[PDB]
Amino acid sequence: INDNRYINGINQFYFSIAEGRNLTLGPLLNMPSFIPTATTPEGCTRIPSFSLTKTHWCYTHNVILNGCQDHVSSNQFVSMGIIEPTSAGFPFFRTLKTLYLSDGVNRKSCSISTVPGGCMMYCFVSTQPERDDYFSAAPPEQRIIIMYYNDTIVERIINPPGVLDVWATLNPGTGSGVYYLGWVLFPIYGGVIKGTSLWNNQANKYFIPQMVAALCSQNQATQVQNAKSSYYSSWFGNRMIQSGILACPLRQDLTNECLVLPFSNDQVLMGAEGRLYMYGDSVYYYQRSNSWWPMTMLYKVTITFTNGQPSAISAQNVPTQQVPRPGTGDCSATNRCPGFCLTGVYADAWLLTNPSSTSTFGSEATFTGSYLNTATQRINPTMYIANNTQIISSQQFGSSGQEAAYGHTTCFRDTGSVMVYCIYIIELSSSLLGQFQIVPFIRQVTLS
């Protein structure tokens, strides 16, 4: 279990609106990395997922032996432990168990989540190029693995209702899932088949960020038309790219009890990887901007239960125009107009301030994370702190040109020294060992 210095500083809004204005990033602190490195030049470690909770943390990432492309073989590294203070005062993520799922099953796009006494991981089994998954009417196999700290492992092949013949594909969003009211929730996305109820109920729906108008040159009518079309991809088997949540009851005999809950396309953008968070009793969702809007997307999710079962989800977006992401073509970090896009990067963000603390939801929100500072390339990884309109603190890592990919940010407070530490897990392109080196950078978020 985590040290007494952290058990009460996890999953919360750490600063008041007033304090968010005077926040800044401290120097990077040096701790023993708890994320394993490749031991060959071409070894590839990518797609991390990290979950932290009151009692412990869970970590995982995919390992491919040669290069980063392979749809036949890969192993999945899983790790878990606690946080404890060092004599310098800052955190040390102590690993208490390690696992390396290496058995021939190609588990991909895995999302992990802390659960009482262990970790629950959700993956899909890849047997062909991603694009082929969207064309095949059959969805990939889905699996959720529970790894207890007592070393018991239970893996199940799940078949949630409304997936077969509805979704051509279904993937975990790779971002962490969360344990909420006895259920484990995972972010999901994929492509829905034309003519299905979902498709029909989703018909004519679209979402446009509050701050697009002022920045977009097209008129309202044109925007609405392009927005509606951005949810359908001809390149990906002509499917409606949908975002959603997978809810699984915490059981060791899961089969078809997990529920697929898709977001209304009236509240969310085109489906993409994502991450679920927990701030107090509130669930939040991060959605990768793989569509036309290149800015960070965060939503407060309201979950409805009917007979003790999640029955519907509603998402309220925190309006911002800050922290863009590198895209391709007419969907670079400079784009502001609706249209169909299918490019981007995963770069979640952590809210240091409560969006509900302002009379108008998210009118003044502060968040932190990392982003690739460039219009179209995955270059210049930069850690930052920002509000809805501007970046108020930032520090690029390495020299310009430095390649990087995804970034997962998590913050917690030391209730002992009363300081907030954030960990920025960034996939860095390395020249020495392996294609990438997933690094858990850690630094303090100073008030002043």
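Note that residue numbering follows the sequence shown and begins at 1.
Modelling of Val72 is missing from a third or more of the other compared entries in which both of its neighbours are modelled. For the pair 436 to 444 and 423 to 431, the mean Cα B-factor is higher in 423 to 431. Stretches compared: 351 to 359, 108 to 116. Higher mean C-alpha B-factor in the entry: 351 to 359. Going by the entry's values, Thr304 shows the largest Cα B-factor out of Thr174, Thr304, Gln316, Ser126. Within the group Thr86, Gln377, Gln142, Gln287, the record's highest C-alpha temperature factor is found at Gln377.
Among all modelled residues in its chain, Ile10 ranks in the lowest third by Cα B-factor. In this PDB entry, the Cα temperature factor of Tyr134 sits in the top third of its chain's modelled residues, the highest group.
When the modelled residues of the chain are ordered by their C-alpha B factor, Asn238 lands in the highest third.
Sort the modelled residues of the chain by CA B factor and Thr415 lands in the middle third. In the deposited entry, the Cα temperature factor of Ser230 places it in the middle third of its chain's modelled residues.
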